[PDB]
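>>> this is the structure alone, sequence omitted:
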Ligand SMILES: Nc1ncnc2c1ncn2[C@@H]1O[C@H](COP(=O)(O)OP(=O)(O)O)[C@@H](O)[C@H]1O
Ligand SMILES: [Mg+2]
Ligand SMILES: [Zn+2]
Ligand SMILES: [Zn+2]
Ligand SMILES: [Zn+2]
Ligand SMILES: [Zn+2]
């Protein structure tokens, strides 16, 4: 193929007229021609098959030579997505004279300048396409080991822990990494594949998932209502060299910060995202990478999504429980809003293997559509499509700066954009409903004795394949069926399901094996049944949700669920500290207080060696404060005047921390 | 209780090696990191010591970096 | 006492507003510095552009739009190959000249992980373990 | 009561100036004395472990008998250890056996500082001064 | 800012601010120091002054702490605590300050002005921390005395290089030599900018100053030069590292049969390998410097730093190394300024080489193997602290002779210093004896060494040479000039220029007169290579012309005369002034 041929529309239409000839619905290759948010899934899914026969060097941004006050730049005026086809900008500033701050930000963020002004890289370490190498030498990054808190370790072996054969042991450490970590982790994007998800089934699972997302509200908000949670964080590749995100959130006024957002509703901004290695305690030696997304993408994704991302994180008692605090009797409210009157409950939990790397591009587009269905009024259609293209060029298929070199990320959600946990929640609900649809269809049909359910399957098939437009009566009936027999609880991929046992045994609801099959043909991985649990009882709670086990205690007069952490992770967080100044102990009492708060429910655990961890932290806080007043009585000559550490070593404070009052 | 003492001492030892600026010699740092990771993920006592020895001989191998004569004198 | 309280609140307000004015002056002074640094980076990256072959392929394009993934592939003067072990080095750039992206490259430098230059004669199968691995080999277009 | 409230405010400010100064001084002391506290902590733990091989390699490293590469663990793997004095040779070398890290090694090649190979016969107490003594013994694990 | 007491090494945060060097002090020690001397100003983390703006009372005996500040008795708050109280002065770590009874020595050190010999002998018999503190405050006093020199305003510009100056009356004029630098100032009613750094030399004729400037600005009448002072930095390392004998040689690898001439020094090489540090004392010209060269040869696997107090001493060490040691591992580090002529035959300024030669003040902060300090008598405890702070090493050798002339000590004027108090190492030499000792002159012929064995050296020399009949004496007086208090004897220079022909073998002789101004004068009239006696002591010459200028206390000291004469390899002509000194040696009469 000609190396410069990017407009592949004619070949795509020839393929579609040779293979899928009698496919009833139309197919417009460039998805910018599409009608609504359900002809974008269709055409996008068709393209994600038709784009595995075209050369992989003719995707990504489309650069073009412009002139700024007589000097020639090369800037990106479009994109050629594998799924979304060709997308041209509408504001191409040919022959500009002066660059304001918005245009400067746009032309600094996008990798057209960076890839064009770099050396061609040929990296045999990976299999992902390697676009360029910015510097003259590839930078290798290591991860130094954690620092030891020896005082706490001697105090821990003083109280009798860490013996031979103990049921509490050090397992969570600070693993180190060699030079080749950062690029032998990015290599895991080889687990991604271009997967053509089913297209008459996605256009019904979208309806059911959207019904799951019907309570919340949102829309485009102005610049002056965006609430930044934290501001002293890095700002991607081309911007971290000069300051944190505070600099770009302070240098831009509200006028040219709304101008940017209204610029990415009619253009496309390709965006480099750096990949750094996280430095934190973990239970296994594989290096963990976090993708820092450049401020040019966060500063608009926050503005576009913040109203919905605050309405989800402020509604209590729903399926997406993000923002329900596990303290203050919040875990018991979660675990009672799961048991939403199902018949013979059994708790089920799954775990997607390689969730944030092997997620197919089509389901990321699905998540970014269902998360952008709320904008039915604030913005027009083409504005929504260019927001979708900007999300799929700044999150899904972007340029990853991985140790001094721009590679192309084939797909899978980056773990660092604005809508990460919520997009993963939508994807997770999509897989749950898809497993349910497969389990309900794939039953023998003549064995389904419950005559209402058999009629539901006979209508489900018709609404799936023999019906082109929505059927809101049936979608409502099926979503009521799911919330009656498959009550769910989601935290971005950590799920608990309260499925009726008789229906699963008959097959009218998704058991584990249906999830193994759905993850096989839609997620392209294999969720081996040794890492998805099933609890046949309810007086013991879910086995592991949010990496905090659940146990049933007697508080006051009544029984409540309490979440307790893995009682080795607390000791691992005590003995090892990622910064050497945290070794000193006496500075950090406001750290062992937090650890004791997190580890208090171990007091009521029937095992004793678990139960001793909380008393270890209490006695250690008391000894830390004793030696602190010793040093502040030697160093100065007078004790502290208003000393208020007499409650941190009493269990009444931590027990009040798990009570339903506040 | 000697098993969970080798795991921590390896963390201190790798901290010492890192502070001696051994990150430059990438061939040496790969072996030190591999020994550290296999020490921590070791459920058997003898194997932990047999890898701790290999890790420690990296520290002893640097003639003009540490002062073993002074450090051990406090025994 | 009314006068003193009013005066104290006046001084509090004035030193709050002068604090705000210091903050805004610092912000507008940092913005200009970032703008100057960004313009410097853009004009230096412009200066590095190989304006002959790049201009040739752009003027050879359909509408002047060439996909970014082929901008280096046809115009980059320098090629940094990164090789993880000797088995690949035998099959990708054996000799002093190799062919990649349908153009002939000549080796100019070979460095190791810790950036110590290794002559091409030391990369032998028996001498493979002694080398510090992956070898950044920098070559030039010919 | 106005006087006592003002004094109490001053006392609270004095406490906030006590704590911040304390945990700045301790922080800078801890962070300025990390290169040596870590090593002293390491050797305290190494005395605490009370193993055999660790004590053997440390006690040999006090007497200049350091190894020149990582001690291997696989059978029939190579180790080059320097022996700097005949007294440090009399304790570890017995025949062709070489006791190190609480394991037996077979001596292959003993080379003095001039790198010329010297056989085990030439290592005699009378003939000890006649060698450029900092020997390198290349041995294999047995 | 916390730290350790300079009297008892307890944690504390007080600093007796009346001291010029401002040392830390524990609470009890600070009270005992401010109760006795006139030191009445204590600096805590903030200074102890009456924080009331309308007051200036600083003495710590009467200051009261109130609220969060300090006040006098007049501005005392209603609630106040006396600072100076119950034997202590209020400060941090008040409960853990262990007192000390050594406050008398600290008072005498920090109070005395370094003029009489009592202060110096107090500065060498005290503890280690007191040794360091005394040396540091002595250096600070020298710097402040240097600061009190006059200002040189020019009158007219004679040439592009020659200048006519006038010093401000009321402050003594500093002498003109290569060490003293000046900063120029151009006053045009504004813009008082440093116009350059200038070094001055007295002219050949007339009241003229030849200036060499870093800058090339043309001088005008209004420009004036002010002497620059160096801020003496504090030191931390001990004067002497603690000795630790070793059972066997460590950090060194001896080489069999190094040479034949080094045969008698093998045992001393092994002894230097044994001990942590060692001292070698010997009479001049007995191979002490060449012993260090053979020591370098005997342990070729040792990265050796030769360092010395002087400049031409380390240059002569470089020359001896080039004579014996292989050249391509030796470097000679010169400073960035390097206003004096160095020795340019090794790879200059190469710290990474194996055999590194340096002056004490120019040493780079480095690790090393065995380090040899040369001419310890020329160096003070500041120099030993510097060499022990910058060079961390596994073996130390200190070579030098107590009988030679010591460091100048310009502050000292009344009384004479005994040899054993020169510094710590000379005290070690004269207390327990040198670790290695070798006396037999391999330098000078028989008559000169016989005379020097009749001199200060009580007769012990057994030199292996015979009377070469190349030693000559004179007696005539000559005329004194007293240029900048550095006298010049023009008729003596004239007689030397007269001689100069009757024995042509002395046309390569080297001129010796301490008297730096006369040393510069000798470079013009007869043009012989010349060297002052202090920058001597470590080099030697085949023929030496020594000229005693004035019968003063300076150029009649027996140590200075001995170290001037004993550089004569084959011959020396000395023209003497004192009748007794001339008659005390046995050369030819002339
Ligand atoms: N064993 C020897 N054989 C030959 N010459 C020697 C011997 N010992 C000393 N010398 C000579 O004596 C001189 C003494 O020099 P040096 O050590 O600089 O004296 P000083 O230490 O008094 O400055 C050397 O130049 C050397 O040539
Ligand atoms: Mg000498
Ligand atoms: Zn909108
Ligand atoms: Zn004082
Ligand atoms: Zn004291
Ligand atoms: Zn006052």
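Right, received. Where do you want to start? Numbering: from 1, shown residues only, chains lettered A, B, ... in the order given. Ligands and ions are numbered 1, 2, ... in the order given.
>>> list the contacts of the closest residue to residue E:579 other than its chain neighbours.
What sits nearest to residue E:579 in space, not counting adjacent residues and going by C-beta to C-beta, 6 or more residues apart in numbering or on different chains, is residue E:475, at 7.5 Å. (C-beta placed from N, C-alpha, C; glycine too.) By C-beta atoms under 8 Å, 6 or more residues apart in numbering or on different chains, residue E:475 lies in contact with E:576, E:579, E:582.
>>> would a markdown table of those residues with secondary structure and distance to ligand 4 be doable?
Below are those laid out as a markdown table (DSSP: H, G, I helix; E, B strand; the rest coil; distance: C-beta to the ion, whole Å):
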| residue | secondary structure | distance to ligand 4 |
| --- | --- | --- |
| E:576 | coil | 48 |
| E:579 | helix | 49 |
| E:582 | helix | 49 |
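>>> TSV for these, including neighbour count?
Shown next, in TSV, are the contacts of residue E:475 (neighbours: other C-beta atoms under 10 Å in any protein chain shown):
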residue	neighbour count
E:576	23
E:579	10
E:582	17
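>>> ok, and does stretch B:43-61 reach over to chain D?
Yes - Stretch B:43-61 reaches chain D (C-beta under 8 Å from any C-beta of the partner chain) through B:49-54, B:56-58, B:60-61.
>>> so what touches that stretch?
The contact list for stretch B:43-61 (C-beta under 8 Å, 6+ apart) reads B:2-3, B:6-7, B:9-10, B:13-14, B:16-17, B:20, B:22, B:28, B:31-32, B:35-36, B:38-39, B:42, B:66, B:68, D:46, D:51, D:53-54, D:57-58, D:61, D:66-73, D:101.
>>> filter the residues you listed down to the buried ones, ChimeraX style.
In ChimeraX syntax, the buried subset of those is picked out as below (16 or more other C-beta atoms under 10 Å in any protein chain shown):
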select /B:3,6,7,9,10,13,14,16,17,22,28,31,32,35,36,38,39,42,66,68 /D:46,51,53,54,57,58,61,66,67,70,71,101
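>>> which of the contacts of stretch B:43-61 fall in helices?
Secondary structure from DSSP state H places B:3, B:6-7, B:9-10, B:13-14, B:16-17, B:28, B:31-32, B:35-36, B:38-39, B:68, D:46, D:53-54, D:57-58, D:61 of those in helices.
>>> find the nearest non-adjacent residue to residue A:400, please.
Nearest non-adjacent residue to residue A:400 (C-beta to C-beta, 6+ apart): residue A:409, at 4.6 Å.
>>> neighbours of residue 62, how many?
Because you didn't say which chain, this covers chain A. 27 (other C-beta atoms under 10 Å in any protein chain shown).
>>> chain B is the one I meant
Counted with other C-beta under 10 Å, residues neighbouring residue B:62 total 14.
>>> that one in helix, strand or coil?
Assigned with DSSP: H, G, I helix; E, B strand; the rest coil, residue B:62 falls in the coil class.
>>> so which residues of chain C form helices?
With helices called from DSSP H, chain C shows them at C:2-47, C:53-59, C:71-75, C:86-92.
>>> who wins for proximity to residue E:423 among those?
Checking the helices of chain C against residue E:423 by C-beta to C-beta gives helix C:2-47 as the closest, at 54.3 Å.
>>> which stretches of the stretch 201-350 of chain E form strands?
Along the stretch 201-350 of chain E, the segments classed as strands by DSSP state E, counting those that start in this stretch run E:209-213, E:224-227, E:277-281, E:305-308, E:330-332, E:347-348.
>>> and these, which is most packed in?
Per residue and on average, the most neighbours among the strands of the stretch 201-350 of chain E fall to strand E:305-308, with a mean of 28 (mean count of other C-beta atoms under 10 Å in any protein chain shown).
>>> now what about it, what contacts it?
Outside of strand E:305-308, the residues within contact range by C-beta under 8 Å, 6+ apart are E:292, E:314, E:317-318, E:321, E:355-360, E:363, E:366, E:368, E:371-375, E:378, E:387, E:391, E:393, E:538.
>>> among those residues, which lie within helices?
Counting by DSSP H, the contacts of strand E:305-308 place E:292, E:314, E:317-318, E:321, E:387 in helices.
>>> for these, work out which two are farthest apart.
The two members of those with the most space between them (C-beta to C-beta) are E:321 and E:387, at 18.5 Å.
>>> related to what we said a few turns ago, tell me, how many residues neighbour the residue nearest to residue A:400?
Using other C-beta under 10 Å, residue A:409 has 23 neighbouring residues.
>>> quick check: it touching residue A:130?
No - assessed by C-beta atoms under 8 Å, residue A:409 is found out of contact with residue A:130, at 11.3 Å.
>>> for chain B, give me its nearest residue in the stretch 201-350 of chain E.
residue E:250 (8.2 Å; C-beta to the nearest C-beta).
>>> so how many other residues sit close to the nearest residue in space to residue E:28 that is not next to it in sequence?
Leaving aside its sequence neighbours, residue E:28 sits nearest to residue E:99 (C-beta to C-beta, 6+ apart; 3.6 Å). Residue E:99: 18 surrounding residues under other C-beta under 10 Å.
>>> and residue E:99, what does it touch?
E:8, E:26, E:28-29, E:32.
>>> now swap in residue E:447 and tell me
Shown in contact with residue E:447 (C-beta under 8 Å, 6+ apart): E:467-468, E:471, E:586-587.
>>> mark which of these are buried, thanks.
Members of the contacts of residue E:447 classed as buried by 16+ other C-beta under 10 Å are E:471, E:587.
>>> quick one: which of the contacts of residue E:447 is nearest residue A:466?
Looking across the contacts of residue E:447 and measuring by C-beta to C-beta, the closest to residue A:466 is residue E:468, at 128.2 Å.
>>> just give the nearest non-adjacent residue to that closest one, would you?
residue E:445 (4.2 Å).
>>> residue E:452 is in contact with the one you found, correct?
No - using C-beta under 8 Å, residue E:445 is not in contact with residue E:452, being 11.4 Å away.
>>> between the two, who's got more neighbours?
Applying other C-beta under 10 Å to residue E:445 and residue E:452 shows that residue E:452 carries more neighbours, namely 26 against 21.
>>> the more buried one: which element?
For residue E:452, the host element (DSSP states H and E) is helix E:446-454.
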